[PDB]
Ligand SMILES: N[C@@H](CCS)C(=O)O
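A single chain comes next, written as structure tokens; it is the form deposited without ligand HCS.
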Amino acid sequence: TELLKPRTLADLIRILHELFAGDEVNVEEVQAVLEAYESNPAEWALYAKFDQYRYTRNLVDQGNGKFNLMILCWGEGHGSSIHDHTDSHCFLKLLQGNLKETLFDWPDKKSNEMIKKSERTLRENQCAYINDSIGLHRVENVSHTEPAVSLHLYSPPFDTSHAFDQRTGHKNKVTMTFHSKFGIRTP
């Protein structure tokens, strides 16, 4: 229960394994520890593998089955769908650059435009949190000049989730694909 500042990415991962040793999740503690880690680009360069056309997901740690820890690499103008998180916790920490997070409510059955609830700018080293009970979101690198890199933790792990059509609120199931795992490109 005593949270210490992670010295390095490796140290962070060790602390995370401790925090997820059990069956439940202390969200505030996990968020605090992620925020306390000061991004050091040398430590995660191995995972920072970009694609020219869309953002990439790069698996870093499998949390001994309790969580997926991954690094997402967002080119200029790259962004996500409006999506849920499959009944899992989702932590988002910025390692480089800025991302815009837009929040949406769960849609009703009637086909309507999904209206933004709010938006915020996540800045370097900040850590956001979302779950399905909170709502849906879109994450975007709106920069024209700076790539963004973020560190994501999902617990329990999931490899499918839903994308939502902003015009209708209709959803479709999407399978998550990893661009790399443990620094190895996995085509």
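In case it trips you up, residue 1 is the first one in the sequence shown, and so on.
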item: Stretch exceeding the other in mean C-alpha B-factor - 35-43, 117-125; value: 117-125
item: Per the entry, higher mean C-alpha B factor between 126-134 and 143-151; value: 126-134
item: Largest Cα B-factor, entry values, listed residues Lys100, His78, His83, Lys110; value: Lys110
item: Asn64, C-alpha B-factor rank within chain (lowest, middle or highest third); value: highest
item: Chain third (lowest, middle, highest) by recorded CA B-factor, residue given as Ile13; value: lowest
item: Where the record places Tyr55 (Cα B-factor, split into thirds across the chain); value: lowest
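Omitted from view is the form deposited with ligand HCS bound, to which the following refers.
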| property | result |
| --- | --- |
| Heavy atom within 4.5 Å of ligand HCS in the deposited complex - residue from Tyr55, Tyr47, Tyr37, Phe67 | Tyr55 |
| Location of ligand HCS contact in the deposited complex, chosen stretch of 152-160, 24-32, 39-47, 59-67 [non-hydrogen atom, 4.5 Å] | 152-160 |
| Exercise: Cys73 in contact with ligand HCS in the deposited complex, heavy atom 4.5 Å | no |
| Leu92 within 4.5 Å of ligand HCS in the deposited complex, heavy atoms | yes |
| Partner proximity in the deposited complex: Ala10 to ligand HCS, non-hydrogen atom cutoff 4.5 Å | no |
| Close approach of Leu136 to ligand HCS in the deposited complex, 4.5 Å, heavy atom | no |
